[PDB]
Amino acid sequence: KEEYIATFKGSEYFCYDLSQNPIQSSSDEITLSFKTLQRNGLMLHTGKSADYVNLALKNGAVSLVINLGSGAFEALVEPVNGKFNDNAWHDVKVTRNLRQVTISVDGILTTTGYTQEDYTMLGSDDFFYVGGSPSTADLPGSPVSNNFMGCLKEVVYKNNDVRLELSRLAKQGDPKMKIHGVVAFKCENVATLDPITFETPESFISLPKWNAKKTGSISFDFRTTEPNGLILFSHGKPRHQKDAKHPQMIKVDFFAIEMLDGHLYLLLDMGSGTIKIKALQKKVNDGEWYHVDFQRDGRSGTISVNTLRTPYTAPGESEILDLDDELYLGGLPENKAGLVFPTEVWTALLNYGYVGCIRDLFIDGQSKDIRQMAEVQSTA
């Protein structure tokens, strides 16, 4: 066993079914560690009506609410000097024995209080949500509407009878555990969860050149409601002759991801022909998030959207994507010297620029803070 982690991006949650083995306890413990930059997000919740537990971040404080039917306990713990949404790990330990609740943060202090009136037992037969839920704001005792945005690890709920290793069950899988959204079982950078909006077709960023010619990967999440747009594009040095006078004569190693008429396509040329692939059958301009993953070794690889994956093999005997200079996200520059427009990229031929959100971009498995890039590079 190593530590079990996940990343939550605002629409991600775990759900554990409690119907077959519900909770009737007089003693409880909840432990986990969180890392975040958002002031508000549900960490976990478990009751549906009279009895409930809700642990959340509210205005940078850790907020715990526990009601056993006769009335609630509620408490917020926060440093005198600042907040807990500081992109640092924090451990939270929560214990409950009959009516007495205790919460310790970062093994620093312990706060102890009580639930009201007479009831002594926590009952929940519904769901155990981690990181979010379908409607967080309707959860009883919830002080937040937002789902978690950051990393959670080592989420564990135990009592005298049951121990639910909820992070573990998430990764490894269980008939009673269902997980939803764009979940990676890893924590890289919390800063990168913040989306970037391309508000007009003309807006775009220029990222760094791709690390190697022979292999590469690129992955990212996108959300969009427009039918056409150039999401990603890069090309090499031109291979046609100087006395070439027709755009069909253009020869250049290029890579592109584009949307046309609602459908998402990958386009790639390695020196010997252009291959073009409808990355998924359905239209993806419905405003929902999609995860995009592209893997390439030589002239073969894969392009995944969500969990549909598609293999591809490029023509030719060259195994090298000989990319040059810049890689463009969200559109193209107006006055770039030596910019080449392949004939197959209809998006670039018609100047369709992307409009939508991109989030959490990865090149060669290394996370990239595009926000730093956006602020630092012309906001367009």
# chains A, B, ... in the order shown; residues from 1 in each chain; ligands from 1
>>> residues_around(residues="segment 178-194 of chain A", least_positions_apart="5", cutoff="10 Å", atoms="only C-alpha atoms", output="number ranges by chain")
A: 3-17, 35-38, 87-88, 129-130, 132-134, 149-153, 167-171, 173, 221, 289-291, 306, 357-362, 366-372
>>> residues_around(residues="residue 66 of chain A", least_positions_apart="5", cutoff="8 Å", atoms="only C-alpha atoms", output="PyMOL selection string")
chain A and resi 51-54+72-74+115+141
>>> select_by_dssp(residues="segment 124-292 of chain A", states="helix (DSSP H, G or I)", output="ChimeraX atom specification")
/A:136-138,166-172,191-193,247-249
>>> write_last_selection(atoms="C-alpha atoms", output="PDB file, in the first residue's frame")
ATOM      1  CA  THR A 136     -24.075  19.769  -2.868  1.00  0.00           C
ATOM      2  CA  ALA A 137     -26.193  22.795  -1.828  1.00  0.00           C
ATOM      3  CA  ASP A 138     -29.202  20.525  -1.018  1.00  0.00           C
ATOM      4  CA  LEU A 166     -13.027   5.457   0.435  1.00  0.00           C
ATOM      5  CA  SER A 167      -9.984   6.686  -1.521  1.00  0.00           C
ATOM      6  CA  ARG A 168      -8.932   3.097  -1.958  1.00  0.00           C
ATOM      7  CA  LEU A 169     -12.337   1.834  -3.011  1.00  0.00           C
ATOM      8  CA  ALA A 170     -12.392   4.671  -5.545  1.00  0.00           C
ATOM      9  CA  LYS A 171      -9.114   3.701  -7.182  1.00  0.00           C
ATOM     10  CA  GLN A 172      -9.471  -0.051  -6.936  1.00  0.00           C
ATOM     11  CA  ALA A 191      -3.136  25.879  -9.553  1.00  0.00           C
ATOM     12  CA  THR A 192      -3.829  24.303 -12.970  1.00  0.00           C
ATOM     13  CA  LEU A 193      -7.457  23.339 -12.162  1.00  0.00           C
ATOM     14  CA  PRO A 247      -1.661  25.804 -51.301  1.00  0.00           C
ATOM     15  CA  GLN A 248      -2.169  22.062 -52.149  1.00  0.00           C
ATOM     16  CA  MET A 249       1.587  21.868 -52.764  1.00  0.00           C
TER      17      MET A 249
END
>>> closest_residue(among="A:329, A:314, A:292, A:162", to="residue 231 of chain A", atoms="only C-alpha atoms")
A:329
>>> atom_distance(atom1="atom CA of residue 30 of chain A", atom2="atom CA of residue 100 of chain A")
14.1 Å
>>> select_by_dssp(residues="segment 311-344 of chain A", states="strand (DSSP E or B)", output="ChimeraX atom specification")
/A:311-313,327-329
>>> write_last_selection(atoms="N, CA, C and O atoms", output="compact mmCIF listing (two decimals), in the first residue's frame")
# COMPACT_ATOMS: atom_id res chain seq x y z
N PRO A 311 -7.16 4.22 -31.94
CA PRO A 311 -5.80 4.06 -32.43
C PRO A 311 -5.58 4.64 -33.83
O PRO A 311 -6.53 4.83 -34.60
N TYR A 312 -4.34 4.99 -34.12
CA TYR A 312 -4.02 5.63 -35.38
C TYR A 312 -2.60 5.32 -35.76
O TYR A 312 -1.71 5.19 -34.90
N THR A 313 -2.41 5.21 -37.07
CA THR A 313 -1.14 4.88 -37.65
C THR A 313 -0.94 5.76 -38.87
O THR A 313 -1.75 5.76 -39.78
N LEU A 327 3.88 26.36 -30.36
CA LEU A 327 2.67 25.54 -30.34
C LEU A 327 1.49 26.40 -29.85
O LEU A 327 1.52 26.89 -28.73
N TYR A 328 0.45 26.54 -30.67
CA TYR A 328 -0.65 27.48 -30.40
C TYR A 328 -1.86 26.80 -29.76
O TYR A 328 -2.30 25.74 -30.21
N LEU A 329 -2.38 27.42 -28.70
CA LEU A 329 -3.56 26.96 -28.02
C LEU A 329 -4.64 28.01 -28.21
O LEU A 329 -4.48 29.14 -27.78
>>> closest_residue(among="A:139, A:264, A:154, A:331", to="residue 2 of chain A", atoms="only C-alpha atoms")
A:154
>>> closest_residue(among="A:334, A:364, A:29, A:86", to="residue 294 of chain A", atoms="only C-alpha atoms")
A:364
>>> atom_distance(atom1="atom CA of residue 346 of chain A", atom2="atom CA of residue 275 of chain A")
13.9 Å
>>> decode(residues="segment 5-37 of chain A", atoms="C-alpha atoms", output="PDB file, in the first residue's frame")
ATOM      1  CA  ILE A   5      -4.982  10.244  -3.812  1.00  0.00           C
ATOM      2  CA  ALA A   6      -7.407  11.888  -6.187  1.00  0.00           C
ATOM      3  CA  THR A   7      -7.890  15.254  -7.869  1.00  0.00           C
ATOM      4  CA  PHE A   8     -11.280  16.969  -7.929  1.00  0.00           C
ATOM      5  CA  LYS A   9     -11.985  19.713 -10.460  1.00  0.00           C
ATOM      6  CA  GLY A  10     -15.413  20.975  -9.396  1.00  0.00           C
ATOM      7  CA  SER A  11     -17.582  18.310 -11.050  1.00  0.00           C
ATOM      8  CA  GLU A  12     -15.917  15.222  -9.556  1.00  0.00           C
ATOM      9  CA  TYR A  13     -17.215  13.064  -6.789  1.00  0.00           C
ATOM     10  CA  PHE A  14     -17.185   9.579  -5.242  1.00  0.00           C
ATOM     11  CA  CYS A  15     -20.416   7.951  -4.127  1.00  0.00           C
ATOM     12  CA  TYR A  16     -20.591   4.874  -1.892  1.00  0.00           C
ATOM     13  CA  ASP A  17     -23.896   3.018  -1.510  1.00  0.00           C
ATOM     14  CA  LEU A  18     -24.898   2.386   2.115  1.00  0.00           C
ATOM     15  CA  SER A  19     -28.155   0.464   1.537  1.00  0.00           C
ATOM     16  CA  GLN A  20     -26.861  -3.086   1.964  1.00  0.00           C
ATOM     17  CA  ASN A  21     -24.624  -2.221   4.944  1.00  0.00           C
ATOM     18  CA  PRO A  22     -25.984   1.013   6.476  1.00  0.00           C
ATOM     19  CA  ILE A  23     -24.438   2.911   9.343  1.00  0.00           C
ATOM     20  CA  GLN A  24     -25.889   2.691  12.856  1.00  0.00           C
ATOM     21  CA  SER A  25     -23.070   3.834  15.134  1.00  0.00           C
ATOM     22  CA  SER A  26     -22.459   5.346  18.547  1.00  0.00           C
ATOM     23  CA  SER A  27     -18.727   5.960  17.774  1.00  0.00           C
ATOM     24  CA  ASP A  28     -17.141   7.260  14.524  1.00  0.00           C
ATOM     25  CA  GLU A  29     -13.837   8.412  13.121  1.00  0.00           C
ATOM     26  CA  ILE A  30     -13.129  10.334   9.853  1.00  0.00           C
ATOM     27  CA  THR A  31      -9.621  11.092   8.637  1.00  0.00           C
ATOM     28  CA  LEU A  32      -8.194  12.604   5.517  1.00  0.00           C
ATOM     29  CA  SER A  33      -5.795  15.149   4.151  1.00  0.00           C
ATOM     30  CA  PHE A  34      -6.708  17.911   1.729  1.00  0.00           C
ATOM     31  CA  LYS A  35      -4.835  20.363  -0.509  1.00  0.00           C
ATOM     32  CA  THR A  36      -6.597  23.318  -2.163  1.00  0.00           C
ATOM     33  CA  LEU A  37      -6.771  26.918  -3.299  1.00  0.00           C
TER      34      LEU A  37
END
